[PDB]
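Okay, structure first, notes after.
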Ligand SMILES: Cn1ncc(C(=O)NCCc2cocn2)n1
Ligand SMILES: [Zn+2]
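Numbering (my numbering), first residue to last: 9 to 148.
Okay, here's the thing in structure tokens:
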């Protein structure tokens, strides 16, 4: 589990969105595994605006933050899970690292701010849904 809290937005994995998220919906995209809902309180996270390929992510199944190198956001074929059939996921970045299904929502960050959230995993790989192209998260 986990979310990004930027301005009056909450960014979560679409497959983990709650009824309150769907009832206060701003934007959602199943191909990216992302959903954004509106919040009453202002958040403290800042979004990175960059092309970094090194950063740190939080792994809840280890209670640890790990430094990683990750690929640029791409269209990758991801195997079936309990939330999606095997399909192409867009705007996804891969790294070598531990993950498990409940690690989704952990933040990946670089020197400039939040880069994305854990979305996919298996066999010593972790995949992150990028948010750096969502420029509108920084305003209104
Ligand atoms: C870190 N991690 N390890 C496994 C999973 C997982 O099952 N993701 C669920 C969301 C998803 C994206 O594409 C297909 N399913 N996440
Ligand atoms: Zn960066």
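A virtual CB, placed ideally from N, CA and C, is assigned to each residue, including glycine.
DSSP state of residue i mapped onto helix, strand, coil
i, result
"residue 28", "helix"
"residue 81", "coil"
"residue 18", "strand"
"residue 73", "strand"
"residue 124", "strand"
With 16 other Cβ atoms within 10 Å as the buried cut-off, status of residue i
i, result
"residue 28", "exposed"
"residue 107", "buried"
"residue 127", "buried"
"residue 85", "exposed"
"residue 96", "exposed"
Other residues of its chain near residue i: CB distance less than 6 angstroms, five sequence neighbours each side excluded
i, result
"residue 91", "23"
Spatial neighbours of residue i in its chain, beta-carbon cut-off 7 angstroms, leaving aside the 5 residues before and after
i, result
"residue 173", "Past the boundaries of the shown model lies residue 173; the chain is included only from 9 to 148, so the question cannot be answered."
N- and C-terminal bounds of the beta strand (DSSP E) containing residue i
i, result
"residue 99", "95-104"
Residues near residue i by beta carbon distance below 8 angstroms, same chain, minus five either side
i, result
"residue 132", "104, 105, 106"
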